[PDB]
Amino acid sequence: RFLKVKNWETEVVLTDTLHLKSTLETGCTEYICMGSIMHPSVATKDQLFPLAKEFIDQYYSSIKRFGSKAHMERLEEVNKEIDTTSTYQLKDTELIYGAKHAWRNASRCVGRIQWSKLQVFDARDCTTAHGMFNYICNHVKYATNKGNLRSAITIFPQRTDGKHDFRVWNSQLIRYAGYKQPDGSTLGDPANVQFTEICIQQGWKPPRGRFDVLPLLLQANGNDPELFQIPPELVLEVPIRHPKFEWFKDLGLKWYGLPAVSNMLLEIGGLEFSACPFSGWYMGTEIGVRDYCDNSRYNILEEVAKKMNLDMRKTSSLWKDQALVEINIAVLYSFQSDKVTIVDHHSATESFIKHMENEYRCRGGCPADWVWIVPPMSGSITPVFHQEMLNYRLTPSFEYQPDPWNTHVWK
Amino acid sequence: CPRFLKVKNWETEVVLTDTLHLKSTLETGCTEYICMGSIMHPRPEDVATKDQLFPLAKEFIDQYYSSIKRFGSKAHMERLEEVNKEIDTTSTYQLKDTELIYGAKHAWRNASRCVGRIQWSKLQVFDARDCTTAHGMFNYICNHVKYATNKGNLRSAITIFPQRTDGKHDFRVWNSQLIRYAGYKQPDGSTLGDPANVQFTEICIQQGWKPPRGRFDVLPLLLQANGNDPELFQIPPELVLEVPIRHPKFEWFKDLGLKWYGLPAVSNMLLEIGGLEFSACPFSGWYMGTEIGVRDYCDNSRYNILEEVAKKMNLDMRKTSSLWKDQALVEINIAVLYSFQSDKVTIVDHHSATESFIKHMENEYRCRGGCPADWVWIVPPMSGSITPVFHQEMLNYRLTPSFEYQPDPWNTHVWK
Ligand code: HEM
Ligand code: HEM
Ligand SMILES: Cc1cc(N)nc(CCc2cc(CCN(C)C)cc(F)c2F)c1
Ligand SMILES: Cc1cc(N)nc(CCc2cc(CCN(C)C)cc(F)c2F)c1
Ligand SMILES: C[C@H](O)[C@H](O)[C@H]1CNc2nc(N)[nH]c(=O)c2N1
Ligand SMILES: C[C@H](O)[C@H](O)[C@H]1CNc2nc(N)[nH]c(=O)c2N1
Ligand SMILES: [Zn+2]
């Protein structure tokens, strides 16, 4: 059946037909909704063929050639390859289409208006961790583009037997280290304390600073991972200052310009790309709200409210909310002053509503996760707060996967 | 369906285990393939038959006798027997006063969209099931408002009017809330007052209300007893406590002429207890500041004051990345909390309320086996991730007794 979504501010109603084409589960049932659960819970020739067939079918439907001679040949081509080799290889055109549509189907991504402008780097000929490092450096250099950031994904060889996996062990390509101090506290980024310990334990010489770029830790073909330092001229960073508060620069805050998720799994046509680092540009709140002001991250709210001279004795002064707005003004001002691409949550959510309109008209829907789409501050003064959304799982897709250090049989 | 489900807090690492979900009784709207968790609302002449009513009454009576540690007792089996006979001979049954009070408190406790549930057991229940006329409803509602307001030391309360019988004799409060401000559409398309209330305001005017046509006019009560046409009553103004909004720092803020009423009182929901349907059950608590400061004042479709406040703050308003909206929103919400506290009218900030709810949720998990919660509604509409609930995984499911939505009465009423 058709489903309607209403925007309660504009009264616009859209009609979702696209959800009828999903087949993966959400985790909800008729009686329990798991919409706020962050993670709700190796193929064979038998499982693999219908998945391949479905993906080839939708690809040739997208290029307006369904049932063509090319379509029929590809289906037969893929048939004997799965049969004779227990897997199959995507054509270049299919790889690019599959990566763009995995972005397009990412229900948690507010940046999807850009989905078809994605640079795809085919790295399926990679065999070693040195090769992976070379591919990753080129990605970072291309996507950074001197501050005019460009969306990119680099796709390493697919999973075969589960024993020869390609994995980027870093959760993101560029992150700051985290150090557990003698006096029990934490220097740097606390969310990376464990990973930083694994890099130290592998030979990394930590400068033990507050913003130390972590080395890369790269696993090729199931071997033990190897450390590599990204050349510093490739790591673009932004000193954070405030347009009105000249004391803000004295806080000593910086961040990196390139957000690049490297720990997810790209599923296309039943194939699993366990190493597929992808990157875009930041929404300001990612840095200013979550990275800086989470109690479990850099946790700077009290310090800023200190130099703002705010009364911090009771919650109802909203001192936290005041300091939060100023932190996020500075992040946007800093990136913009340095001509590094960044989007504020007002522009981003507005673009996403426009994206939603587009997708409903030309595609019949747009899967979207309100819990992730609504920004972590000022929710209801952004237009996505008032937008009903339907969440469902379409393929090709990005999926979560286990941390590699919980599964890697060392040697 | 799995027996144990785990929820995690991603800020504190605390893991909780839910078994209460196995008692869920009605549908969420989600399926195995689609989640409707952000959908706001996923015939009234149809009433429960004898055969639908029997198991629903037994379920609730069993639950009540279990709560009082008398499950399987003589009084439990006798009450089952007496209820079953009543349904057989009359097609319905009447709740004892103790069961009515238990059911109302538990409908609140079960309200997955309510962040204020740490208070659920402290609820004053007024039994108005002997009411017969709209004048009597007005008396009961006035007594509710005065008790709940308590000169600013607000007390949560519910007043329960007679249950549905055949569906042609419903009691309804036509107001969605007991205290709201009127909205007036102008010929030029602008709106005076609260634009959310234009439809209901026009109904009141058609029913005889003489509108003062101001920015903050308390609407009359529009009250329907026993399925008759509804009747208009003016709430005595001395019973409507109101707070003028001023700012601790910006002396010009009072010059905006803003105020709000102290008592939030929902009057359009349906209370279901043991299969009985209480279509008029106004309930009231006290406000979380963001309800006024963020939604009532700053939604574009409501009073929409961000622009005017930003001007008086002399903020750069040409680019959105100055965050001038965010900056003015904080100052508006500071003024709302400051004005209420200064006048000694109960209010809770969104930091304190969400912290209390986490503690409530943890206690419910430990003592009750779970706590249904709707993240989309629990997380406040500003500063989301600097409140603890943002980081809390929540399971949403529908337990009974419950508060439910029901059609708007003007869409279903048969005019005499
Ligand atoms: C182009 C600019 C982009 C912007 C402004 C943007 C914005 C965002 C934001 C704010 C989130 C939430 C992140 C979090 O809170 O952890 C997100 C999630 C996500 N984005 Fe985008 N994004 C962009 C590009 C991309 C690209 C290029 C891809 C893949 C090709 C992508 C795929 C995803 C996925 C899979 C998620 C979900 C991540 C998860 O579940 O942890 N995004 N995006
Ligand atoms: C005592 C202090 C209370 C506080 C601080 C509080 C807080 C809230 C808030 C902030 C909401 C969201 C409202 C909205 O965004 O429209 C809400 C919803 C709700 N509350 Fe509470 N509440 C309180 C008392 C009560 C009481 C006494 C009841 C019933 C006996 C109740 C039942 C509900 C229900 C059913 C909803 C859902 C409303 C809807 O779906 O429109 N609450 N509450
Ligand atoms: C493609 C893309 C674009 C964009 N704008 N944002 C992202 C997410 C980026 C990202 C997420 C995290 C999770 C941390 N979370 C707990 C707050 C950590 C990072 F270091 C990081 F860079 C991806
Ligand atoms: C018992 C109780 C306590 C509490 N703190 N809040 C409530 C909700 C009150 C309420 C809701 C609405 C819906 C409009 N929404 C978009 C903001 C309008 C109102 F006028 C109103 F008073 C109930
Ligand atoms: C419990 C809840 O699912 C969790 O905190 C989510 C909420 N929404 C989010 N939204 C985004 N964009 N990113 C996040 O990490 C989260 N965390
Ligand atoms: C579309 C979305 O469900 C809608 O805007 C919701 C979001 N969360 C909410 N949360 C509360 N407390 N009150 C609301 O009215 C809403 N509205
Ligand atoms: Zn759901």
Go through the residues of region B:81-103 one by one and say whether even a single one is more than 30 Å from B:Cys371 (Cβ to Cβ), surrounded by 18 or more Cβ atoms within 10 Å (Cβ to Cβ) and polar (S, T, N, Q). yes
Take B:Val309 and decide whether it is out of contact with any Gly (no Cβ under 9 Å at 6 or more places or on another chain), among the hydrophobic types (A, V, I, L, M, F, W, C) and either more than 29 Å from B:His41 (Cβ to Cβ) or part of a loop (DSSP other than H, G, I, E, B) (or both). yes
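Restricting to region A:150-186, give me the number of residues that are among the aliphatic types (A, V, I, L, M) and either within 19 Å of A:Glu272 (Cα to Cα) or surrounded by fewer than 16 Cβ atoms within 10 Å (Cβ to Cβ) (or both). Spell out the reasoning first.
Taking region A:150-186 first, the residues among the aliphatic types (A, V, I, L, M) are A:152-153, A:155, A:168, A:173-174, A:177.
Narrowing further to those that are either within 19 Å of A:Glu272 (Cα to Cα) or surrounded by fewer than 16 Cβ atoms within 10 Å (Cβ to Cβ) (or both): A:152-153, A:155, A:168.
Number satisfying all stated conditions: 4.
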Note on A:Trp103: of the conditions (1) within 16 Å of ligand 5 (Cβ to nearest atom); (2) assigned to a loop (DSSP other than H, G, I, E, B), unmet is (2)
The correct count of residues that are more than 10 Å from chain B (Cβ to nearest Cβ) and more than 21 Å from the chain's Cα centre (by Cα) in region A:332-344 is 4
| task | Could you please let me know if A:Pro225 is surrounded by fewer than 17 Cβ atoms within 10 Å (Cβ to Cβ) and away from ligand 3 (no atom under 15 Å from the Cβ)? | result | no
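When you scan region B:197-283 for strands (runs of 3 or more DSSP E) that lie fully inside it, which ones turn up with 2 or more residues that are under 30 Å from B:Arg109 (Cβ atoms)?
Details: elements: B:221-224, B:231-233, B:242-244, B:259-261, B:270-273, B:276-278.
Because the criterion is at least 2 residues that are under 30 Å from B:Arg109 (Cβ atoms), the strands (runs of 3 or more DSSP E) in region B:197-283 that meet it are B:221-224, B:259-261, B:270-273, B:276-278.
Any chance you could count how many residues in region A:21-43 are in a loop (DSSP other than H, G, I, E, B) and more than 7 Å from chain B (Cβ to nearest Cβ)? Spell out how you get there, then give the answer.
The first filter runs over region A:21-43 and keeps only residues in a loop (DSSP other than H, G, I, E, B), leaving A:22-32, A:34-43.
After this cut, where a residue has to be more than 7 Å from chain B (Cβ to nearest Cβ) as well, the list is A:23-24, A:27, A:39-43.
Residues meeting the conditions: 8.
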Of the listed residues (B:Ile347, B:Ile378, B:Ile386), the one being touching a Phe, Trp or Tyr at 6+ places or on another chain (Cβ under 6 Å) and within 14 Å of another protein chain (Cβ to nearest Cβ) is B:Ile347
Checked region A:384-403 for anything surrounded by fewer than 17 Cβ atoms within 10 Å (Cβ to Cβ) and touching a strand residue (DSSP E or B) at 6+ places or on another chain (Cβ under 6 Å); matches are A:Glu399, A:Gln401
Of the residues in region A:28-80 that are buried (at least 17 other Cβ atoms within 10 Å of the Cβ) and within 16 Å of ligand 5 (Cβ to nearest atom), the one that is farthest from A:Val371 (Cα to Cα) is A:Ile32
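Residue check: is B:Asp299 within 21 Å of the chain's Cα centre (by Cα), acidic (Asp, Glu) and within 30 Å of A:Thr341 (Cα to Cα)? Explain how you work it out, then say what you get.
Numbers: within 21 Å of the chain's Cα centre (by Cα): yes; acidic (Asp, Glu): yes; within 30 Å of A:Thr341 (Cα to Cα): yes.
The answer is yes for B:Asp299.
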Any residue that is away from ligand 5 (no atom under 16 Å from the Cβ), within 14 Å of another protein chain (Cβ to nearest Cβ) and either surrounded by fewer than 24 Cβ atoms within 10 Å (Cβ to Cβ) or part of a strand (DSSP E or B) (or both) - is there at least one of those in region A:284-296? no
Going through region B:300-314 in order, the residues found to be within 13 Å of another protein chain (Cβ to nearest Cβ), within 22 Å of A:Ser317 (Cα to Cα) and not hydrophobic (A, V, I, L, M, F, W, C) are B:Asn314
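What do you reckon, is B:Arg117 among the basic types (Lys, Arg), buried (at least 19 other Cβ atoms within 10 Å of the Cβ) and within 16 Å of ligand 6 (Cβ to nearest atom)? Step through it out loud before you land on a result.
Working: among the basic types (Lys, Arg): yes; buried (at least 19 other Cβ atoms within 10 Å of the Cβ): yes; within 16 Å of ligand 6 (Cβ to nearest atom): yes.
Judged against the criteria, B:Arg117 is a match.
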Over region B:395-405, the set of residues within 13 Å of ligand 6 (Cβ to nearest atom) and within 10 Å of chain A (Cβ to nearest Cβ) is B:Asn396
Sole miss for B:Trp108 among (1) part of a loop (DSSP other than H, G, I, E, B); (2) within 16 Å of ligand 6 (Cβ to nearest atom) is condition (1)
In region A:101-130, anything among the basic types (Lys, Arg) and either within 16 Å of ligand 4 (Cβ to nearest atom) or more than 14 Å from chain B (Cβ to nearest Cβ) (or both) is listed as A:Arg104, A:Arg112, A:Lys117, A:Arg124
A:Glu11 fails exactly one of (1) within 16 Å of ligand 2 (Cβ to nearest atom); (2) assigned to a loop (DSSP other than H, G, I, E, B), namely (1)
Output for Cβ contacts, cut-off 7 Å, separation at least six or different chains, first residue on the phi > 0 side of the Ramachandran plot in region A:256-283, second surrounded by 21 or more Cβ atoms within 10 Å (Cβ to Cβ) and part of a loop (DSSP other than H, G, I, E, B), reads A:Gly269/A:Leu90
Log entry, pairs with first residue in region B:382-401 being closer than 28 Å to A:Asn328 by Cα and within 16 Å of ligand 3 (Cβ to nearest atom), second being of a type in the set (A, V, I, L, M) and assigned to a strand (DSSP E or B), beta carbons closer than 7 Å, six or more apart or on different chains, reads B:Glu393/B:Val7
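For region A:254-278, name all the residues that are within 10 Å of the chain's Cα centre (by Cα) and either within 16 Å of ligand 7 (Cβ to nearest atom) or under 18 Å from A:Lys163 (Cα atoms) (or both). Explain how you work it out, then say what you get.
At the first step, the residues of region A:254-278 found to be within 10 Å of the chain's Cα centre (by Cα) are A:259-264, A:277-278.
Listed by number, the residues that qualify are A:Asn263, A:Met264.
What residue, of B:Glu242, B:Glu238, is in contact with a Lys or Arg (Cβ under 8 Å, 6 or more places away or on another chain) and under 27 Å from B:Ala128 (Cα atoms)? First the steps, then the outcome.
On the way: B:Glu238 fails: in contact with a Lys or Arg (Cβ under 8 Å, 6 or more places away or on another chain).
Exactly one of B:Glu242, B:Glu238 is in contact with a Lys or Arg (Cβ under 8 Å, 6 or more places away or on another chain) and under 27 Å from B:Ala128 (Cα atoms), namely B:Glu242.
Where a number appears in this text, it was derived from the coordinates with a stated rule and is not lab data. Heads up, the Cβs are rebuilt from the backbone with ideal geometry, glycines too, and the neighbour counts pull from every protein chain shown.
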